[PDB]
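Trainee: model the following, please.
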Amino acid sequence: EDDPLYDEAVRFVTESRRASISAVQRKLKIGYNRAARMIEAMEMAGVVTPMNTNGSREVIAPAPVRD
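Mentor: Numbering: from 1, shown residues only. Sharing the structure here:
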């Protein structure tokens with residue numbers, strides 16, 4: 001269930017290198033379910049790793065280009 005804010009979430013996670021649901025919630029001022037669905041979309045796209053046993057993920061993709 002795809003979201004218009006996906007690209008903005010990917011800019012945040014690849015700039016910040018944080019991909020927790022709480023970090024995305026705080027940045028975009030959105031709810032848990034909506035943030036969680038975008039992070040699962042990022043995992044399908046190879047932007048972030050699967051979650052570890054504690055739900056933490058690592059950001060794989062590079063930050064946005066500056067030119």
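Trainee: which residues of the chain fall in helices?
Mentor: Secondary structure of the chain (DSSP state H): helices at 6-16, 21-28, 32-44.
Trainee: contacts for the last one?
Mentor: Spelled out, that is helix 32-44. Helix 32-44 has contacts (C-beta atoms under 8 Å, 6 or more residues apart in numbering) with 1-3, 5-6, 9-10, 13, 19, 21-22, 24-25, 28, 48-50, 57. Every residue, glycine included, has its C-beta placed from N, CA and C.
Trainee: want to throw the helices of the chain into JSON lines with mean neighbour count and distance to residue 65?
Mentor: Shown next, in JSON lines, are those (neighbours: other C-beta atoms under 10 Å; distance: least, C-beta to C-beta, whole Å):
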{"stretch": "helix 6-16", "mean neighbour count": "17", "distance to residue 65": "11"}
{"stretch": "helix 21-28", "mean neighbour count": "17", "distance to residue 65": "20"}
{"stretch": "helix 32-44", "mean neighbour count": "17", "distance to residue 65": "18"}
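Trainee: nearest to residue 62, out of the ones you listed?
Mentor: Among the helices of the chain, helix 6-16 comes nearest to residue 62, with 6.4 Å by C-beta to C-beta.
Trainee: so what does the closest one touch, helix or strand wise?
Mentor: Applying 3 or more C-beta pairs under 8 Å, 6 or more residues apart in numbering; DSSP states H and E, one finds that helix 6-16 contacts helix 21-28, helix 32-44.
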